[PDB]
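Summary of the model geometry
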2 protein chains.
Amino acid sequence: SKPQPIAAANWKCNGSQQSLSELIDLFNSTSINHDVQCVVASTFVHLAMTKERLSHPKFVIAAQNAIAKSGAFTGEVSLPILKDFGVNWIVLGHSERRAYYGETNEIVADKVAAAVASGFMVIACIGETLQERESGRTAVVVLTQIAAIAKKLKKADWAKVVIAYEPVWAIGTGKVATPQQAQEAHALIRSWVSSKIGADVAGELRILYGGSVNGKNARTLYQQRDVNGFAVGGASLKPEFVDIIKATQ
Amino acid sequence: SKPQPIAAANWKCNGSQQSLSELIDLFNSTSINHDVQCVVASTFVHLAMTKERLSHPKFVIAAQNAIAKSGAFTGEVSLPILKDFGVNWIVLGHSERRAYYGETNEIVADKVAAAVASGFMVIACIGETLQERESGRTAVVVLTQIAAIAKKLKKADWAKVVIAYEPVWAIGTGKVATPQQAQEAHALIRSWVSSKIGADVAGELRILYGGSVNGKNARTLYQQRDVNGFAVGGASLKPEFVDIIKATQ
Ligand code: NA
Ligand code: NA
Ligand code: NA
Ligand code: NA
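Residues numbered from 1 in each chain as written, not as in the entry; some residues may be left out. Chains lettered and ligands numbered in written order. Heavy atoms only, no water. Residues with missing side-chain atoms left out of burial classes, pairs and counts.

The name given to chain A in the PDB entry is Triosephosphate isomerase, glycosomal, with the source organism recorded as Trypanosoma brucei brucei. Its UniProt record gives chain A a comment under Catalytic activity, which states: "D-glyceraldehyde 3-phosphate = dihydroxyacetone phosphate". For the record of chain A, the UniProt heading Sequence similarities holds the text "Belongs to the triosephosphate isomerase family." (UniProt positions renumbered as here; feature names shortened; annotations may be inferred.)

Written as structure tokens, this is what we have:
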């Protein structure tokens, strides 16, 4: 059966002190009685307050990015700084950083490896664009992305790895990905991990859906065989994130 | 009379909670009896603790980077987020971001203009590399970089602008940039601002030296016509930064 599900809130580059404190207390108010790891990835600026306001025992705090080492990298935040700050979860390789901020497969893979080596739980993001999917390259791109990461890890490292599949191809179109399309990509990923890493690793690996999800379709997405939770974008800044948490049963 | 000097501590991608707390309290302990604006640019993660713990009336806090607007930019921090956080100073266009993180003259310029329009005091960084200075292209590069910024601003915006000259060319060689080399580059910048923006603007503008500054050479560097302080790298993480402050008297 499925391993422990994860409900991750990627706030992206958003938030004010007052609005986040209120959303934080909403999360604090939620009764969560099943086994699920909830994650809040705030901006670097808001990590201190999120550490301070978020008291729900099923929640942990994550960063949205880092570089591997401290030093002369003005504007960036390193893994040791986050570790010293009590942050033990991190999102790496998000489609927005791959598109805007120069993160090639190799750059993502080296960050993921460094984060695992530093003791982090890592939500490593993969996924293909619309031009890639329409040209028949979904499997090429997605398995290239994860192999680039895998080649920098050891088998035991995967206990600290979570995969988030982003259907980047669905943005801008008039139709979100279907649950069947989501399950298709998740099943492809898990099949690859079983074959190249190990069936034991594949059975314990969490593969999170990273497309648009709301309280109405989250339950159906989680009902899919190879879906272990969500890495949520805009809905994670809203009260309906609670309904997404509840959709992980 | 020179305009009010600035002593800016660019901590870059460095710091732990305990070591920054002690450094902040050292800064807090300093007796500063002349008109100078001290600036601490910490990592995003440490902005909260620097806000809480830095109580010296001559100090303000700064970010080391930002993007212009909030939205779907995972890992980045925007100007509105920093403004909501009470951060009113920012370093933009640092040579490390130009080299490593794709910040062209245009990208730097658009960030500077957005930060000024949002109410920020901006330390805008310019400077030429070794290959550029060896090519006899110091004036070409520095004046191109500042013209790219200036054309996105109006004359009154310069009341919120500080220029930091970085002698990138000096790193890696065995020769320290001399005080006279620093002064000649500042005079070039000052002369250009006078001609293209206005003599009034040039007289009020703070041009900070952003090379290797320490407690031993800071006074010699400051006692030059067109140097108005410093944007300090490694020494700003050390008690020596206090002597750099004193050198601006
Ligand atoms: Na709160
Ligand atoms: Na609170
Ligand atoms: Na259903
Ligand atoms: Na279902």
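So that's the structure; there's more coming.
**Section: the overall build of chain A**
The helix and strand inventory of chain A stands at 11 helices and 8 strands. Taking 249 residues into account, the globule formula puts the C-alpha radius of gyration at 18 Å, and chain A, at 17 Å, falls close to it. Taking the principal axes of its C-alpha atoms as reference, chain A extends roughly 45 × 45 × 35 Å. Considering only intrachain contacts with a sequence separation of at least 6, the fraction spanning at least 24 residues in chain A is 69%. (Helix = DSSP H or I, 4+ residues; strand = E, 2+ residues; numbered from the N terminus. Rg over C-alpha atoms; globule rule 2.2 N^0.38 Å. Contact = heavy atoms within 4.5 Å.)

**Some words on the packing of helix 5 (residues 105-117) of chain A against helix 7 (residues 138-150) of chain A**
When two helices pack together, their arrangement is captured by the angle between the axes and the distance separating the axes. Residues and elements named next belong to chain A. The geometry of helix 5 relative to helix 7 is characterised by a closest axis approach of 8 Å and an angle of 40 degrees between their N-to-C directions. By the angle between their axes, helix 5 is oblique relative to helix 7. Pair helix 5 / helix 7 crosses with right-handed handedness. Where helix 5 abuts helix 7, its residues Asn105, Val108, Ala109 and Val112 lie against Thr144, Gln145, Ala148 and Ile149. Of the residues that constitute the contact of helix 5 with helix 7, the class distribution is 5 nonpolar, 3 polar and no charged. (Axes fitted to C-alpha atoms, helices over the stretch in contact; angles between N-to-C directions. Parallel < 35°, antiparallel > 145°, perpendicular 65-115°, else oblique. Left-handed = near helix turned anticlockwise from the far one by under 90°. Nonpolar A, V, L, I, M, F, W, Y, C, P; charged D, E, K, R; others polar.)

**A few points about the relation of the copies chain B and chain A**
The operation relating the pair of chain copies consists of a rotation about an axis and a translation along that axis. For the match of chain B to chain A, the screw axis carries a shift of 0.1 Å, the RMSD comes to 0.3 Å, and the turn is 180 degrees. As the rotation angle and translation indicate, the two copies are arranged about a two-fold axis. A symmetric contact is evident, with 100% of the interface residues of chain B recurring at the interface of chain A. (Least-squares fit on C-alpha atoms.)

**Points about the environment of A:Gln181**
Residues and elements named next belong to chain A. Looking at where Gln181 falls in the secondary structure, it is placed in helix 8 (residues 179-196). Accessibility expressed as a relative area gives 24% for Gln181, which makes it partly exposed. Sequence separation of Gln181 and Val142 is 39 residues, and the distance between their C-alpha atoms is 14 Å. Among residues more than four places away in sequence, those in contact with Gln181 are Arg133, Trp169 and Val176. (Buried < 20%, exposed > 50% of the residue type's maximum accessible area, 1.4 Å probe, protein only.)

**Looking at the UniProt feature "active site" in chain A**
The UniProt record marks A:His94 and A:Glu166 with the feature "active site", using the residue numbering of this structure. Over a stretch of 73 residues, the named residues converge on one spot in the fold, their C-alpha atoms separated by at most 8.2 Å. Within the fold, A:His94 resides in the loop between strand 4 (89-92) and helix 4 (95-100). When its relative accessible area of 7% is taken as the criterion, A:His94 is described as buried. Excluding residues within four positions of it along the chain, A:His94 makes contact with A:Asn10, A:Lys12, A:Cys125, A:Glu166 and B:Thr74.

**Considerations on the nonpolar core**
One finds A:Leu82, B:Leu82 and B:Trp158 to be the most contacted residues of the largest nonpolar core, which totals 151 residues. Residue contacts for B:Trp158: discarding those within four places in its chain leaves B:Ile146, B:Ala150, B:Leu153, B:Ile163, B:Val193, B:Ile197, B:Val201 and B:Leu205. (Core = buried A, V, L, I, M, F, W, Y, C linked by side-chain atoms within 4.5 Å.)

**Structural notes on helix 5 (residues 105-117) of chain B**
All names here are of chain B. The end-to-end C-alpha distance of helix 5 is 18 Å, a good match for the 18 Å that 13 residues give at a rise of 1.5 Å each. Looking only at helix 5, the buried set comprises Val108, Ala109, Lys111, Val112, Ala113, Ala115 and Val116. Residues of helix 5 that are buried in the fold lie against helix 3 (79-84), strand 4 (89-92), helix 4 (95-100), strand 5 (121-126), helix 7 (138-150) and strand 6 (161-165). Looking one or two residues beyond helix 5, the residue adopting positive phi is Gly119, at roughly 100 degrees. (Expected span 1.5 Å × (residues − 1).)

**What about the packing of helix 7 of chain B against helix 8 (residues 179-196) of chain B?**
Residue and element names in this part refer to chain B. Closest axis-to-axis distance for the helix 7/helix 8 pair is 11 Å, and the angle between their directions is 40 degrees. By the angle class used here, helix 7 and helix 8 are oblique. In the crossing of helix 7 with helix 8, the sense of the turn from one axis to the other is right-handed. Where helix 7 approaches helix 8, its residues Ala139, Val142, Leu143, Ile146, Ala147 and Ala150 are matched on the opposing element by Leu188, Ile189, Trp192 and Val193. Class assignment of the residues belonging to the contact of helix 7 with helix 8 gives a composition of 10 nonpolar, no polar and no charged.

**Some details on the UniProt feature "binding site: substrate" in chain A**
Per the UniProt record, "binding site: substrate" is annotated on A:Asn10 and A:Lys12. Along the chain, A:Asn10 falls in strand 1 (residues 6-10). Given a relative accessible area of 7%, A:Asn10 falls into the buried group. The residues contacting A:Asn10, other than those within four sequence positions of it, are A:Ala41, A:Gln64, A:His94, A:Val232, A:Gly233, A:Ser236 and B:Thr74. A distance of 3.5 Å separates the side chain of A:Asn10 from the side chain of A:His94, its partner in a polar contact. Take A:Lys12: it is sitting in the loop between strand 1 and helix 1 (17-29). The buried category is assigned to A:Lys12, whose relative accessible area is 16%. (Polar contact = N/O pair within 3.5 Å; in protein donor to acceptor, adjacent residues only side chain to side chain.)

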